[PDB]
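In what follows, a single structure is set out as structure tokens and then discussed.
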Amino acid sequence: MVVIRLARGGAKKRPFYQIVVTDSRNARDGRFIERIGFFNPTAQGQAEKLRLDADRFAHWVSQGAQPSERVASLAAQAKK
Amino acid sequence: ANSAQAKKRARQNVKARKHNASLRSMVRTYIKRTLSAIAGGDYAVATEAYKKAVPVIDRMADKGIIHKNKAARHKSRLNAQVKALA
Amino acid sequence: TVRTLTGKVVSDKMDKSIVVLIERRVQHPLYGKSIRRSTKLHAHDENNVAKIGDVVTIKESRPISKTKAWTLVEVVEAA
Amino acid sequence: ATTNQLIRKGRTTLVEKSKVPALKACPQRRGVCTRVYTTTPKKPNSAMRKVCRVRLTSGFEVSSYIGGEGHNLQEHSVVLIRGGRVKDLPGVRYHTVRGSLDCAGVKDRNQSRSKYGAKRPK
Amino acid sequence: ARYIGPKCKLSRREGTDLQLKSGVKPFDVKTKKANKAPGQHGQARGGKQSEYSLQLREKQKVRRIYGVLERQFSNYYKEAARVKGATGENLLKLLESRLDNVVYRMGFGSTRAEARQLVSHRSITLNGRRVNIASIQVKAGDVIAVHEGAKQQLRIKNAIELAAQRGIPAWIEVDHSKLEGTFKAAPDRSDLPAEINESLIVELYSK
RNA sequence: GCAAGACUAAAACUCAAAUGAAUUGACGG
RNA sequence: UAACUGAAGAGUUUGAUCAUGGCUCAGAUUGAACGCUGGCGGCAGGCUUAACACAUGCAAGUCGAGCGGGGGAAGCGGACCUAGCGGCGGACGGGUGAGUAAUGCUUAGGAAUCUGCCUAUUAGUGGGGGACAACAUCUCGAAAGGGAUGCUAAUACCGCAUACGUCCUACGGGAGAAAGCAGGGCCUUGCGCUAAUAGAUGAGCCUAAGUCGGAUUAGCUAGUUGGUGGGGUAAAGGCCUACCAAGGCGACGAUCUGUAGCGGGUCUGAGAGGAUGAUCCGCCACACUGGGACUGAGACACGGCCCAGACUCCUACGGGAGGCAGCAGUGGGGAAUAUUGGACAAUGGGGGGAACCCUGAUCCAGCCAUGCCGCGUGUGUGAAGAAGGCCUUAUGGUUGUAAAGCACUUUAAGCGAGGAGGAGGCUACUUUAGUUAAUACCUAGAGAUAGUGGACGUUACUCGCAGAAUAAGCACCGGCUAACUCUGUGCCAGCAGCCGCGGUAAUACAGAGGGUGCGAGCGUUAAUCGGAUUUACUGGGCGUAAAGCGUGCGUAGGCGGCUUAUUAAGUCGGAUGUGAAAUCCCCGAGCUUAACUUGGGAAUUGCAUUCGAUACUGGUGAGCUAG
Ligand SMILES: [Mg+2]
Ligand SMILES: [Mg+2]
Ligand SMILES: [Mg+2]
Ligand SMILES: [Mg+2]
Ligand SMILES: [Mg+2]
Ligand SMILES: [Mg+2]
Ligand SMILES: [Mg+2]
Ligand SMILES: [Mg+2]
Ligand SMILES: [Mg+2]
Ligand SMILES: [Mg+2]
Ligand SMILES: [Mg+2]
Ligand SMILES: [Mg+2]
Ligand SMILES: [Mg+2]
Ligand SMILES: [Mg+2]
Ligand SMILES: [Mg+2]
Ligand SMILES: [Mg+2]
Ligand SMILES: [Mg+2]
Ligand SMILES: [Mg+2]
Ligand SMILES: [Mg+2]
Ligand SMILES: [Mg+2]
Ligand SMILES: [Mg+2]
Ligand SMILES: [Mg+2]
Ligand SMILES: [Mg+2]
Ligand SMILES: [Mg+2]
Ligand SMILES: [Mg+2]
Ligand SMILES: [Mg+2]
Ligand SMILES: [Mg+2]
Ligand SMILES: [Mg+2]
Ligand SMILES: [Mg+2]
Ligand SMILES: [Mg+2]
Ligand SMILES: [Mg+2]
Ligand SMILES: [Mg+2]
Ligand SMILES: [Mg+2]
Ligand SMILES: [Mg+2]
Ligand SMILES: [Mg+2]
Ligand SMILES: [Mg+2]
């Protein structure tokens, strides 16, 4: 199954997620089809908190990708 | 096997293996009847053996015992071999 | 849309199959001089047309045999 | 020389050889010493050089040098040896590490104490 | 770590004053052993050269009048070699934009070590935060104030006296009433003492 | 290769030099 | 707007000289180890050796909304729980690098293929039957495991019926499925099941080109090379077979043989190169050793099966059990490498309608100066230049503003108070939109009102209290190479990277005083590149220093006069694909700064396709006459 999920690579105690479209059998931080945005849960100051390529998201949810719970609520934060 | 599910999977493997073996042997037996009739040379005997063997092959391909491409290949080759008989 | 090569028939003794020599000019990486390299391709001619010494043109197909995946298109120079 | 000559036959590298073959690319090596004796140096030098004859865990059997003034090695002592050859003793290509397993540190030392396994005096 | 030891020693070795011991009447005639390198036989030594001793003593001079150690200094050099201009003046501007040096220059703290205990003890404010890293690179425009609970100690107000008749350069616009900063853009190789021949340092780091 | 041998052709080990051309002396049956 | 900026030499052959030429040294680097010393923090990293053997715990389950039985708490029963059977999962994630020199890998292309779960789209889900576990009864055995007799349900199994499309057709015809469950009022929703299609994903197959040595390895191959009939595959194919033909591969290195997982990358270097393939990502291979298959959408399956083996263990002697190269841990080996920790709070993964359960993945914590980066160990003044040490010409010099002394400060550590953020959500409360007899039920969407929900965790951070209080060593000092004296010693003891020092004034040994260099580190050993233009493509040589074959002739090969037409292979230019992310580089963004994390570019100099240009090289035609 193709999913859209968070790949955690940041620093210790300071996560930074890449929103990736991948096959769900791959490792969390391994091989993916396409990176579409990022999520920075802390994001102080002038840093971006959440960037989410919307046309790619729509294209992949059209091809049958299934977002996570987190990426669903984040795609709700965007476009809004 | 270490966990309970691994030994249940081994049990189910034994049962499925017996079932599948019966069905696969059946398909081979019907193809052999068709081929023995073909080697016999008669066209009526060959066509009746082929008419009996086609539904068994299609049935066992519907159940996944053999692949559908295998079924199509047998149905095509046995047919070409009974049409050459007469 | 296809991938074609050109060469010379160096053998034809095999049943409806030729051996063609494609010549290539590969540049040496360190010393920067183009040196001539060669490759022999077992190609397929079903009519037994090409004879040893012809200049022919081949194109990649699906495998016809073990080590034969090229098929003849035509003879350019019937030598 | 010519370009064609270089493409045909390339340029050959002469791979070097290790000067410490008995260490087997290890930094140090544990040996058991079978012979503690003295040697005399080469042409212009004069001394009674304290040398050890160790069998290494790497299978070799080599002579190492005991540095510093005064040691306590015997036969069947377990020593650590390292690289570094002594110039006037031909064939001694290793040193014994002082302050290691059985080799104690040098006594009464106060300068370059790290190189002789001597602890800071208090 | 930082160097904690006799300071006039460093000027006697480096020949020049080095600006340590920010003193009332130091005038480099407070040690009286000046013009005489330290030690048992530093006396009968005026010095000629080695051309490596020259590069090395230039580098130690620049390092000791800023309180930097050798690892941090070589990192400064590797950064200044990366910026687009000339390496030596880039390096001098890096050493100039340090916080303890900017504090010394604006007037708080008499020495660069007093201006370093000022910074390390959080008695300084950089854009509002109570920093305590003396190696922070102040950038053009940054505001450097004294902390509220640390602006009535006589150590800073009586260093503001030595701040005048000595300093407060062009690239720093400081008011000694509010005890405030606004360090503007970095200096260039015209605002700093010119006896520092930083080409020696650039050639030392290419050995 | 009849043989004498030729040809192809290493490594361990060892030393901190070996070498060319010229200089000034000294020596030369 | 940047994406670049780049290159040092010394010593040593001689009485001296220039050259040649080796050796050695100064730099950077490390999964290092060892010696002496050791305050803290932040980030990383941590069996490189025995793919040696493994005690103990844990690493893969879940679903009662598929199905019978059961069992019991609270009240004859309803809620709950679950050994079985049946779904799905267990083919992922995790480990390792033994094998592998090409069925691997990288780059660029292809057919002849399958593909559970997911997304659309169609056509359906009609009706029967016989079983088997559980269960009951007995029985074998020490156990493990089994047996027998009956009884059973099902979304388990098998017929029959009916097929939009599907398959086979000789084109007329023939053939082939399925399963129910749940929630609300037989109807509707869902969740399933069947048959197809095309999308995604994922995998299989094929081609070309590259991928370490060795010729003191030159011949190799007989299903071998090709064809045909047949068989076999999901799929092309000697994949297999019978017959026929004889081939095929090799000095552009076949076959054999030693070594080796491969790439993105990493280190070094001015580059070109050279070394390398820890940690992170991709691919491959492997699971105690050798075979084999089963079941599945997928395995020839790490914690599945069968059979052989060694080895360990239990045994009532008949028989049985096992596989840490999962995470911890042990023994061993080794110079050398950590806790038998916590939580599923987050990100994922499996199951489930959900609730939830599982998860040694992961997130965290422990240990270790192993590395990088940061901070600290106080700051001012202070001359009688104290005392003491050391040298001394015995007056002095030096340690040295150093110390005392006086005045301040409180980072970090200690002790107290607060204290984010990592938590998006879910549950209740009202509505809107749908679907539909229906405002039910279920999906989605809002709004405020409270409940919850953090392993880390005494979190970061902030603010107070105290008191200079809790916190410096290591190497070196003849030259190279920064920094010198005394005393002891006497070719000894010793030092030593090279040159070399030491035979009674040793700046070279040992100690001291002084000094230089680094600094919570500093040295040594080991290793790679460098300097080394010391394999020279960039960028060397061969009269005498090493180096022209004894001399010809010629094969492969390399290179070839002049003019012209043409072509467009090399060559050049553009465009279009591709060249994973990470890393490197440049701008800039967040951590108090820095390491570190991160946005966007640049780069990836390659290859492919396509279009253009023809000076030069090549091909082809035609000429010419200086070779
Ligand atoms: Mg189960
Ligand atoms: Mg093949
Ligand atoms: Mg159960
Ligand atoms: Mg391997
Ligand atoms: Mg069924
Ligand atoms: Mg039927
Ligand atoms: Mg039915
Ligand atoms: Mg064929
Ligand atoms: Mg055949
Ligand atoms: Mg065939
Ligand atoms: Mg070969
Ligand atoms: Mg190997
Ligand atoms: Mg170079
Ligand atoms: Mg399955
Ligand atoms: Mg199967
Ligand atoms: Mg398994
Ligand atoms: Mg295991
Ligand atoms: Mg383990
Ligand atoms: Mg041991
Ligand atoms: Mg979890
Ligand atoms: Mg504190
Ligand atoms: Mg919270
Ligand atoms: Mg010197
Ligand atoms: Mg010494
Ligand atoms: Mg003496
Ligand atoms: Mg000494
Ligand atoms: Mg440090
Ligand atoms: Mg080189
Ligand atoms: Mg030369
Ligand atoms: Mg010669
Ligand atoms: Mg000659
Ligand atoms: Mg020729
Ligand atoms: Mg030619
Ligand atoms: Mg072209
Ligand atoms: Mg990239
Ligand atoms: Mg001509």
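Note: hydrogens, waters and symmetry copies are ignored here, and every other heavy atom, side chains too, is used. Chain A is the first sequence line, chain B the second, and so forth, proteins listed ahead of strands; every chain is numbered from 1.
- Residues satisfying the salt bridge (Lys or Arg N to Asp or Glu O under 4.0 Å) test with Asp15(C), not counting sequence neighbours, are none.
- Taking 3.5 Å as the limit, the base of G110(G) and the side chain of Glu60(C) contain no donor-acceptor pair of atoms between them.
- Scored by the side chain to side chain donor-acceptor pair (under 3.5 Å) test, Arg11(D) finds no partners at all (sequence neighbours excluded).
- Residue side chain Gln28(D) reaches the base of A33(G) through a donor-acceptor N/O pair under 3.5 Å, judged by distance alone.
- Between the side chains of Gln28(D) and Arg82(D), no donor-acceptor pair is found at a separation under 3.5 Å.
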Table please: side-chain donor-acceptor pairs of residues 115-132 of chain E below 3.5 Å, with sequence neighbours left out.
from	atom 1	to	atom 2	distance (Å)
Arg122(E)	NH1	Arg130(E)	O	2.8
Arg130(E)	NE	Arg122(E)	O	3.2
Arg130(E)	NH2	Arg122(E)	O	3.4

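- For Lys24(D) and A33(G), the NZ to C1' distance is 17 Å, given to the nearest whole Å.
- Nearest-nucleotide assignment on RNA chain F puts the 5′-proximal partner with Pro21(D), out of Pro21(D) and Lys42(D).
- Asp88(D) is linked by a salt bridge (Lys or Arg N to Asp or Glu O under 4.0 Å) to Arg49(D), counting only residues two or more places apart in sequence or in another chain.
- With sequence neighbours left out, the ring pair (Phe, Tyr, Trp, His ring centres under 6.0 Å) criterion links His28(C) to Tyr31(C).
- By the ring pair (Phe, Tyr, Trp, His ring centres under 6.0 Å) test, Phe16(A) pairs with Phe38(A), sequence neighbours left out.
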Give every pair of a protein N or O atom and an N or O atom of nucleotides 298-303 of chain G that lie under 3.5 Å apart, one pair per line with the distance.
from	atom 1	to	atom 2	distance (Å)
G303(G)	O3'	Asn2(B)	OD1	3.0
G303(G)	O2'	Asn2(B)	OD1	3.1

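- Using the sign of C1'-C2'-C3'-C4' as the criterion, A293(G) falls on the north side of the pucker cycle.
- Sugar puckers are classed by the sign of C1'-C2'-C3'-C4'; that of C463(G) comes out north, on the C3'-endo side.
- At a cut-off of 3.5 Å, with distance as the only test, no side-chain donor of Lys7(B) or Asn2(B) sits close to an acceptor on the other residue.
- With sequence neighbours excluded, no residue satisfies side chain to side chain donor-acceptor pair (under 3.5 Å) with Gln63(A).
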Let me check something: any side-chain donor-acceptor pairs from residues 76-83 of chain B under 3.5 Å, sequence neighbours excluded? List them with distances.
none

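- Counting any heavy atom pair closer than 4.0 Å across all strands shown, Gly32(C) reaches no nucleic acid atom.
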Residues 111-120 of chain D side chain polar contacts: donor-acceptor under 3.5 Å, at least two apart:
from	atom 1	to	atom 2	distance (Å)
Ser112(D)	OG	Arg109(D)	NH1	3.3
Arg113(D)	NH1	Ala118(D)	O	3.3

For RNA chain F, the dot-bracket pattern of Watson-Crick and G-U pairs whose distances stay under 3.5 Å, | for other-strand partners: ..................|||.|......

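- Groove contacts of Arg49(D) are confined to the major groove, judged by side-chain heavy atoms lying under 5.0 Å from groove-edge base atoms.
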Per-nucleotide protein contact string for nucleotides 245-276 of chain G, where B marks a base within reach and S marks sugar-phosphate only (heavy atoms under 4.0 Å, - for neither): --SSSS-B--------------------S---

